[PDB]
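Before any comments, here is the structure.
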Amino acid sequence: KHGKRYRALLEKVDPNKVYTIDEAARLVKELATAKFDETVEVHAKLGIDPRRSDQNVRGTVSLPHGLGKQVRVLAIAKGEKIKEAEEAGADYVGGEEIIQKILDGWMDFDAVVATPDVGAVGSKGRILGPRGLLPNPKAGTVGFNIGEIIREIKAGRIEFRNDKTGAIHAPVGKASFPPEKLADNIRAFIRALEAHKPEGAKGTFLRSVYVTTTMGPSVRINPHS
Amino acid sequence: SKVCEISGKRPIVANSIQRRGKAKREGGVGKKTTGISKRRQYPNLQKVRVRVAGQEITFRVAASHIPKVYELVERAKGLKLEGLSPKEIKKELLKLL
Amino acid sequence: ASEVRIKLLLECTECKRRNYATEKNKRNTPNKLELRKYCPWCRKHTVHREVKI
Amino acid sequence: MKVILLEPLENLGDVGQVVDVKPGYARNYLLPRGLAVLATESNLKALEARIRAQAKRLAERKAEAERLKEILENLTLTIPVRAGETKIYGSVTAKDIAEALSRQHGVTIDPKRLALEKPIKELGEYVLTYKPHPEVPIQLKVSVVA
RNA sequence: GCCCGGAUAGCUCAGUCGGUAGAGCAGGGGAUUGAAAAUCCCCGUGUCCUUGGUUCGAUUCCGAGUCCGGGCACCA
RNA sequence: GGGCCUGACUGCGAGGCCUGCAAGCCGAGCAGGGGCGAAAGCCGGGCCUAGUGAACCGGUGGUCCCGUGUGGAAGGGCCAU
RNA sequence: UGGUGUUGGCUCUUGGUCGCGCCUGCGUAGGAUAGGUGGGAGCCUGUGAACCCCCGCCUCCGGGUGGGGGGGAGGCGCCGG
RNA sequence: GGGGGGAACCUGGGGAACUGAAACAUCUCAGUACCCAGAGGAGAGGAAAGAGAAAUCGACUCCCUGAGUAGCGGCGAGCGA
Ligand SMILES: [Zn+2]
């Protein structure tokens, strides 16, 4: 009922047994059987209500050990910021006319950031927005130190946000990472999330912590272990 | 009802206390007592029929001490109690207490 | 003194200690009263917010 | 109330086993009928060294169930009573059957082990289960006459 | 005081688990009828109480508030 | 009528009025910190005389005073209400 | 009068608690039914193909859903839309 | 061996109201009067699963003090270690 390259992935995993922060990080790479560097994922289920207009978990933390993902920052800024925006990571600046440069279809960017002056970014936003790309300083991606913001963007800065299903979602890295490479990746994933709890919550902030890969099976792991 | 044949749990003379009002613990101004009346708490006696010495014996014993009775009956097996009558049987079992 | 002219409190939004009690006709002024009042705690005048009595 | 299963039971288990049921079932059904015993230190001491005895008398239940099993499977029980063309003027229970094998057939069975859910009020042949030992179905055909 | 209920067509009330505000009552008109009638045909009209937030959109979902209704108490 | 402002203040209070008590009343002035006005000055609610209710019980906000061997906490006190 | 004790066995059925297992989600557009969030440039079948037939669910009727057979490596994927 | 009697005195089971609250229900009268049971020349109590704060004492009983004290109380009357 799955791909035989993936059914093997299904076979070499233990569903109900709970692993450690490091144990699936061994399994996470051995489950990396896709025909490219799969993405390691910690789909840690949150214990929070998104329907509540108070539990808005959306933040960032720069994972060390890299991510293995490709991040191109469509930074937006003006007043000498185009220089430091083009530098420090962003490849698409700028810094005022990239808006009209949006077709839309000029989606050759992997990330977008903007200084708080823009400003003229949110309106033009409506198609740049709903695909998770509107510049927002909620979690990292906006600030007058936009290039510096992008400096850590290259440095494994994964953003996390609750969804309608009460879940939070962010990869710790590609499926090419060693477990102690992910050990700081995983525990950085748990540590930042725990720091971003919407304070006031029924019981735990996290239901579970599963770890799968791109076309890879899930894994039962014990968080903070 | 009369005393418990094992525990001797007698009826006690308790004071039914018709209280009122919200409690201070729940912010209430206080539990105003509307009236106090004497009553009696009666033990939960029962009748317990037991075949001992080929004899069926009934004890007005409290609900708690029901199994205590069967303790007594089992203990009576190390006794030579036949063919006594249920009066003497009940007396002797009382003696095992 | 009525349901339309309710009571109310005035808290110093600096000390956050309710330093003033008073009234208002919510009809007349249905908005939170706010006045530079002397906070005894602050030991200085301060905008005191209409905190509900 | 932990009780020592002295015999196999359809919903309790078997001899040697010690289950904990509510006091009504054991102490009102089991203790009187000796199917179980409370879990005293006195019992638990003699629990072992009488397990051998308990299963000994159990095997006596089995072997007696056989030796009397074929003793009383191969015959027909007759019942002379006062009855009508479609009714009995009297009535019969397991006790009357015990008088049947006692006085009529001479063989000795137990009235209680004979299952008689309803005292019979009609005539004819019927088959009965005796079951002196658990899982020992001893069928028996009985006849009632006038 | 606490709890909860709804705020929708002139009314009653539907109401999306977010794509549309709707059923009938009332109104009017047409046919209708000797009157009464009923019927019938068709139109009637709404920030979906207000604020917001979310998600592409929210009547919906939601946070607040108000009204609103009831109950559940307590009253120095 | 308009301008600005919130003194419809905090801690107080000389002194008096009235008065069985309790209550009620007026108040300079002082300090803190402000409003107004250039300033002098005024502002501790309303031109005044009615719009009100002792204590207890309890609520709520603060205080950290007490906290039953100790530390907390329970709970109380005190201020506000 | 409801709880409880005295006060038990046997079943039958139903409402909750967590187990999981599954399926369910349809404005248009969009290939088709788009539940969202993340990762996704790849899947995958001789741990037998798209195909075609049969069996049941749903179906918002286009299909989805699963299973059995022949077939059994050709269909799908971001990208196109 | 018990029976039953014994002026008061004593425990133990039961247990009022009048009365005060200047009414009165909580409360007080009072666990008093009285009833029953038990004995006894006394009874009861009595040798810490205590007291209470000193790391202190060391069964019990009774007298004084503590002390009208701490407290309890329609925080009233009053009660009161
Ligand atoms: Zn202040």
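Going by the structure tokens order, chains are called A, B, ..., each with residues numbered from 1, while ligands are numbered from 1 in the order shown.
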
### Task
Kindly provide, as a count of residues only, all nucleotide and amino acid residues lying within 12 Å of ligand 1, counting only C-alpha atoms (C1' of nucleotides) and all ligand atoms.
27

### Message
Taking only chain B into account, list the residues labelled strand (DSSP E) by DSSP (computed from the backbone), as a PyMOL selection string.
### Response
chain B and resi 15-19+33-38+45-52+55-62

Just write the chosen residues, N, CA and C atoms, as a compact mmCIF listing (two decimals), in the first residue's frame.
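So the final result, stored in part-v3.txt, reads:
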# COMPACT_ATOMS: atom_id res chain seq x y z
N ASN B 15 -26.37 14.78 66.21
CA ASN B 15 -27.14 16.00 66.10
C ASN B 15 -27.22 16.39 64.64
N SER B 16 -28.35 16.09 64.01
CA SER B 16 -28.59 16.55 62.65
C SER B 16 -28.59 18.07 62.65
N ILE B 17 -27.78 18.65 61.79
CA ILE B 17 -27.50 20.08 61.82
C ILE B 17 -27.97 20.66 60.50
N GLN B 18 -29.20 21.15 60.47
CA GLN B 18 -29.70 21.83 59.29
C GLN B 18 -28.98 23.16 59.14
N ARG B 19 -28.04 23.22 58.21
CA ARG B 19 -27.29 24.44 57.97
C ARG B 19 -27.88 25.16 56.77
N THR B 33 -26.78 28.27 60.68
CA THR B 33 -27.53 27.10 61.08
C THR B 33 -29.00 27.48 61.25
N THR B 34 -29.87 26.79 60.52
CA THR B 34 -31.29 27.05 60.64
C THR B 34 -31.94 26.29 61.78
N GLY B 35 -31.36 25.16 62.18
CA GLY B 35 -31.91 24.40 63.27
C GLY B 35 -31.09 23.16 63.55
N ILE B 36 -31.04 22.76 64.81
CA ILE B 36 -30.28 21.59 65.23
C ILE B 36 -31.24 20.64 65.93
N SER B 37 -31.22 19.38 65.51
CA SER B 37 -32.14 18.39 66.05
C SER B 37 -31.37 17.12 66.36
N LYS B 38 -31.67 16.53 67.51
CA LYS B 38 -31.09 15.24 67.82
C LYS B 38 -31.68 14.15 66.94
N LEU B 45 -26.46 -3.06 61.08
CA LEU B 45 -26.58 -4.46 61.46
C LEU B 45 -27.22 -5.26 60.34
N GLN B 46 -26.93 -6.55 60.34
CA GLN B 46 -27.58 -7.47 59.43
C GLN B 46 -27.75 -8.79 60.16
N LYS B 47 -28.53 -9.68 59.57
CA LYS B 47 -28.64 -11.04 60.05
C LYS B 47 -27.74 -11.92 59.20
N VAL B 48 -26.96 -12.77 59.85
CA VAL B 48 -26.00 -13.63 59.17
C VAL B 48 -26.21 -15.05 59.65
N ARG B 49 -26.78 -15.87 58.78
CA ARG B 49 -27.08 -17.26 59.09
C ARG B 49 -25.88 -18.11 58.69
N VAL B 50 -25.41 -18.95 59.61
CA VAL B 50 -24.22 -19.76 59.37
C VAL B 50 -24.44 -21.16 59.91
N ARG B 51 -24.10 -22.16 59.09
CA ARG B 51 -24.21 -23.56 59.47
C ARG B 51 -22.95 -23.95 60.22
N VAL B 52 -23.03 -23.93 61.55
CA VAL B 52 -21.93 -24.32 62.42
C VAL B 52 -22.39 -25.48 63.28
N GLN B 55 -25.45 -26.61 62.62
CA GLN B 55 -26.46 -25.71 63.13
C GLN B 55 -26.35 -24.37 62.43
N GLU B 56 -27.49 -23.82 62.04
CA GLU B 56 -27.54 -22.52 61.41
C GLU B 56 -27.65 -21.46 62.49
N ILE B 57 -26.77 -20.47 62.44
CA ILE B 57 -26.67 -19.47 63.49
C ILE B 57 -26.72 -18.08 62.87
N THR B 58 -27.46 -17.18 63.51
CA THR B 58 -27.69 -15.84 63.00
C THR B 58 -27.11 -14.83 63.97
N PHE B 59 -26.35 -13.88 63.45
CA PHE B 59 -25.76 -12.82 64.25
C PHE B 59 -26.27 -11.48 63.75
N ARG B 60 -26.76 -10.65 64.66
CA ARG B 60 -27.01 -9.25 64.34
C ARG B 60 -25.68 -8.53 64.47
N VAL B 61 -24.91 -8.57 63.39
CA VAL B 61 -23.57 -8.00 63.36
C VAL B 61 -23.55 -6.86 62.36
N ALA B 62 -22.66 -5.91 62.59
CA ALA B 62 -22.53 -4.78 61.69
C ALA B 62 -22.08 -5.25 60.31

Give me, as a PDB file with N, CA and C atoms (P, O5', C5', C4', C3', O3' and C1' of nucleotides), in the first residue's frame, the contact residues of chain G against chain D at a cut-off of 8 Å, counting only C-alpha atoms (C1' of nucleotides).
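The resulting out.pdb:
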ATOM      1  P     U G   7     -24.762  -9.979  51.824  1.00  0.00           P
ATOM      2  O5'   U G   7     -25.148  -9.399  50.396  1.00  0.00           O
ATOM      3  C5'   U G   7     -24.702 -10.060  49.219  1.00  0.00           C
ATOM      4  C4'   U G   7     -24.521  -9.101  48.074  1.00  0.00           C
ATOM      5  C3'   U G   7     -23.732  -7.849  48.412  1.00  0.00           C
ATOM      6  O3'   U G   7     -23.025  -7.416  47.256  1.00  0.00           O
ATOM      7  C1'   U G   7     -25.928  -7.251  47.780  1.00  0.00           C
ATOM      8  P     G G   8     -21.603  -8.071  46.910  1.00  0.00           P
ATOM      9  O5'   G G   8     -21.977  -9.483  46.291  1.00  0.00           O
ATOM     10  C5'   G G   8     -22.689  -9.558  45.071  1.00  0.00           C
ATOM     11  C4'   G G   8     -22.875 -10.982  44.624  1.00  0.00           C
ATOM     12  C3'   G G   8     -22.870 -11.195  43.124  1.00  0.00           C
ATOM     13  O3'   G G   8     -21.567 -11.272  42.586  1.00  0.00           O
ATOM     14  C1'   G G   8     -24.717 -12.308  44.059  1.00  0.00           C
ATOM     15  P     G G   9     -21.319 -10.892  41.049  1.00  0.00           P
ATOM     16  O5'   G G   9     -21.747 -12.205  40.266  1.00  0.00           O
ATOM     17  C5'   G G   9     -20.999 -13.398  40.414  1.00  0.00           C
ATOM     18  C4'   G G   9     -21.658 -14.533  39.690  1.00  0.00           C
ATOM     19  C3'   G G   9     -21.947 -14.288  38.221  1.00  0.00           C
ATOM     20  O3'   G G   9     -20.828 -14.518  37.393  1.00  0.00           O
ATOM     21  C1'   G G   9     -23.890 -15.076  39.253  1.00  0.00           C
TER      22        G G   9
END

### Task
List the neighbours of range 70-78 of chain B out to 7 Å using only C-alpha atoms (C1' of nucleotides); skip same-chain residues closer than 2 positions along the sequence, and give me the result as a ChimeraX atom specification.
/B:67-68,80,93,96

Preceding selection exported with C-alpha atoms as a compact mmCIF listing (two decimals), in the first residue's frame:
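Okay, this is what ended up in part-v1.txt:
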# COMPACT_ATOMS: atom_id res chain seq x y z
CA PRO B 67 -16.25 -11.25 57.38
CA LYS B 68 -15.01 -11.18 60.96
CA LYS B 80 -14.98 -29.65 69.59
CA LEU B 93 -18.16 -18.71 69.20
CA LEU B 96 -13.50 -17.40 70.45

### Task
Within 12 Å of residue 71 in chain H, counting only C-alpha atoms (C1' of nucleotides), which residues show up once you throw out same-chain ones fewer than 4 positions away? Write them as a ChimeraX atom specification, please.
/H:67,75,79-81

Using only N, CA, C and O atoms (P, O5', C5', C4', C3', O3' and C1' of nucleotides), please write the residues we just selected to a file, as a PDB file, in the first residue's frame.
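Final file, selection_16.pdb:
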ATOM      1  P     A H  67      -2.832  34.835  82.677  1.00  0.00           P
ATOM      2  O5'   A H  67      -3.850  35.233  83.830  1.00  0.00           O
ATOM      3  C5'   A H  67      -4.747  36.321  83.663  1.00  0.00           C
ATOM      4  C4'   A H  67      -6.151  35.929  84.030  1.00  0.00           C
ATOM      5  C3'   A H  67      -6.332  35.441  85.461  1.00  0.00           C
ATOM      6  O3'   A H  67      -7.646  35.764  85.896  1.00  0.00           O
ATOM      7  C1'   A H  67      -6.965  33.746  83.985  1.00  0.00           C
ATOM      8  P     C H  75     -23.098  38.793  64.644  1.00  0.00           P
ATOM      9  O5'   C H  75     -21.705  38.819  65.405  1.00  0.00           O
ATOM     10  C5'   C H  75     -21.500  38.048  66.582  1.00  0.00           C
ATOM     11  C4'   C H  75     -20.517  38.725  67.499  1.00  0.00           C
ATOM     12  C3'   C H  75     -19.820  39.937  66.898  1.00  0.00           C
ATOM     13  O3'   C H  75     -19.492  40.848  67.940  1.00  0.00           O
ATOM     14  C1'   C H  75     -18.216  38.323  67.444  1.00  0.00           C
ATOM     15  P     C H  79     -21.672  33.134  81.162  1.00  0.00           P
ATOM     16  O5'   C H  79     -20.786  31.942  80.611  1.00  0.00           O
ATOM     17  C5'   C H  79     -21.421  30.826  80.018  1.00  0.00           C
ATOM     18  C4'   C H  79     -20.575  30.206  78.944  1.00  0.00           C
ATOM     19  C3'   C H  79     -19.169  29.822  79.341  1.00  0.00           C
ATOM     20  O3'   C H  79     -19.116  28.641  80.108  1.00  0.00           O
ATOM     21  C1'   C H  79     -19.124  30.875  77.245  1.00  0.00           C
ATOM     22  P     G H  80     -18.146  28.577  81.378  1.00  0.00           P
ATOM     23  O5'   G H  80     -16.693  28.637  80.737  1.00  0.00           O
ATOM     24  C5'   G H  80     -16.360  27.804  79.640  1.00  0.00           C
ATOM     25  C4'   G H  80     -15.069  28.227  78.993  1.00  0.00           C
ATOM     26  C3'   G H  80     -13.946  28.604  79.936  1.00  0.00           C
ATOM     27  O3'   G H  80     -13.289  27.492  80.499  1.00  0.00           O
ATOM     28  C1'   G H  80     -14.125  30.243  78.283  1.00  0.00           C
ATOM     29  P     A H  81     -12.947  27.508  82.060  1.00  0.00           P
ATOM     30  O5'   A H  81     -11.379  27.753  82.094  1.00  0.00           O
ATOM     31  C5'   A H  81     -10.469  26.667  82.096  1.00  0.00           C
ATOM     32  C4'   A H  81     -10.346  26.038  80.735  1.00  0.00           C
ATOM     33  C3'   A H  81      -9.021  25.361  80.446  1.00  0.00           C
ATOM     34  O3'   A H  81      -8.925  24.075  81.021  1.00  0.00           O
ATOM     35  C1'   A H  81      -9.609  26.715  78.620  1.00  0.00           C
TER      36        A H  81
END

### Message
Which residues are close to residue 5 in chain C, i.e. within 7 Å by only C-alpha atoms (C1' of nucleotides), leaving aside same-chain residues fewer than 4 positions away? Reply as a list in words.
### Response
residues 1, 23, 24, 25 and 26 of chain C

### Message
Taking 3 positions as the minimum chain separation for residues in the same chain, which residues sit within 9 Å of range 124-129 of chain A when counting only C-alpha atoms (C1' of nucleotides)? Answer as an MDAnalysis selection string.
### Response
(chainID A and resid 99:100 102 104 107 120:121 132:135) or (chainID E and resid 56)

Keeping N, CA, C and O atoms (P, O5', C5', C4', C3', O3' and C1' of nucleotides), export the residues of the selection given above as a PDB file, in the first residue's frame.
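What follows is the written file part_4.pdb:
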ATOM      1  N   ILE A  99       8.849  44.446  -5.877  1.00  0.00           N
ATOM      2  CA  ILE A  99       7.408  44.271  -5.712  1.00  0.00           C
ATOM      3  C   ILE A  99       6.724  44.175  -7.071  1.00  0.00           C
ATOM      4  O   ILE A  99       6.078  43.172  -7.394  1.00  0.00           O
ATOM      5  N   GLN A 100       6.858  45.223  -7.890  1.00  0.00           N
ATOM      6  CA  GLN A 100       6.308  45.178  -9.242  1.00  0.00           C
ATOM      7  C   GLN A 100       6.976  44.093 -10.072  1.00  0.00           C
ATOM      8  O   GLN A 100       6.377  43.573 -11.021  1.00  0.00           O
ATOM      9  N   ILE A 102       7.268  41.255  -9.078  1.00  0.00           N
ATOM     10  CA  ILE A 102       6.392  40.117  -8.823  1.00  0.00           C
ATOM     11  C   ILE A 102       5.346  40.081  -9.933  1.00  0.00           C
ATOM     12  O   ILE A 102       4.625  41.058 -10.151  1.00  0.00           O
ATOM     13  N   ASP A 104       2.522  37.733 -10.681  1.00  0.00           N
ATOM     14  CA  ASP A 104       3.364  36.805  -9.928  1.00  0.00           C
ATOM     15  C   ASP A 104       3.710  35.553 -10.729  1.00  0.00           C
ATOM     16  O   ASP A 104       2.987  35.157 -11.641  1.00  0.00           O
ATOM     17  N   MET A 107       8.823  33.618  -8.661  1.00  0.00           N
ATOM     18  CA  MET A 107       8.911  32.939  -7.376  1.00  0.00           C
ATOM     19  C   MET A 107      10.225  32.175  -7.277  1.00  0.00           C
ATOM     20  O   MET A 107      10.293  31.076  -6.726  1.00  0.00           O
ATOM     21  N   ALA A 120       5.597  49.073   2.111  1.00  0.00           N
ATOM     22  CA  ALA A 120       4.979  48.893   0.805  1.00  0.00           C
ATOM     23  C   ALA A 120       5.009  47.446   0.326  1.00  0.00           C
ATOM     24  O   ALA A 120       4.828  47.203  -0.871  1.00  0.00           O
ATOM     25  N   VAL A 121       5.228  46.487   1.224  1.00  0.00           N
ATOM     26  CA  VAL A 121       5.355  45.084   0.846  1.00  0.00           C
ATOM     27  C   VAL A 121       4.054  44.339   1.114  1.00  0.00           C
ATOM     28  O   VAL A 121       3.644  43.482   0.324  1.00  0.00           O
ATOM     29  N   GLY A 132       2.852  31.395   2.184  1.00  0.00           N
ATOM     30  CA  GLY A 132       3.802  31.528   3.274  1.00  0.00           C
ATOM     31  C   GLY A 132       5.037  32.325   2.911  1.00  0.00           C
ATOM     32  O   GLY A 132       6.162  31.856   3.105  1.00  0.00           O
ATOM     33  N   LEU A 133       4.847  33.528   2.372  1.00  0.00           N
ATOM     34  CA  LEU A 133       5.980  34.333   1.939  1.00  0.00           C
ATOM     35  C   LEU A 133       5.845  35.820   2.232  1.00  0.00           C
ATOM     36  O   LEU A 133       6.733  36.585   1.844  1.00  0.00           O
ATOM     37  N   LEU A 134       4.789  36.255   2.900  1.00  0.00           N
ATOM     38  CA  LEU A 134       4.650  37.669   3.214  1.00  0.00           C
ATOM     39  C   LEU A 134       5.665  38.049   4.286  1.00  0.00           C
ATOM     40  O   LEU A 134       5.772  37.353   5.303  1.00  0.00           O
ATOM     41  N   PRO A 135       6.431  39.123   4.095  1.00  0.00           N
ATOM     42  CA  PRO A 135       7.416  39.523   5.113  1.00  0.00           C
ATOM     43  C   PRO A 135       6.741  39.899   6.422  1.00  0.00           C
ATOM     44  O   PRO A 135       5.925  40.820   6.482  1.00  0.00           O
TER      45      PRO A 135
ATOM     46  P     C E  56      -4.455  31.719   3.175  1.00  0.00           P
ATOM     47  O5'   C E  56      -5.401  32.914   2.714  1.00  0.00           O
ATOM     48  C5'   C E  56      -4.948  33.889   1.787  1.00  0.00           C
ATOM     49  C4'   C E  56      -6.086  34.405   0.948  1.00  0.00           C
ATOM     50  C3'   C E  56      -7.316  34.842   1.721  1.00  0.00           C
ATOM     51  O3'   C E  56      -7.223  36.137   2.284  1.00  0.00           O
ATOM     52  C1'   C E  56      -7.980  33.437  -0.041  1.00  0.00           C
TER      53        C E  56
END
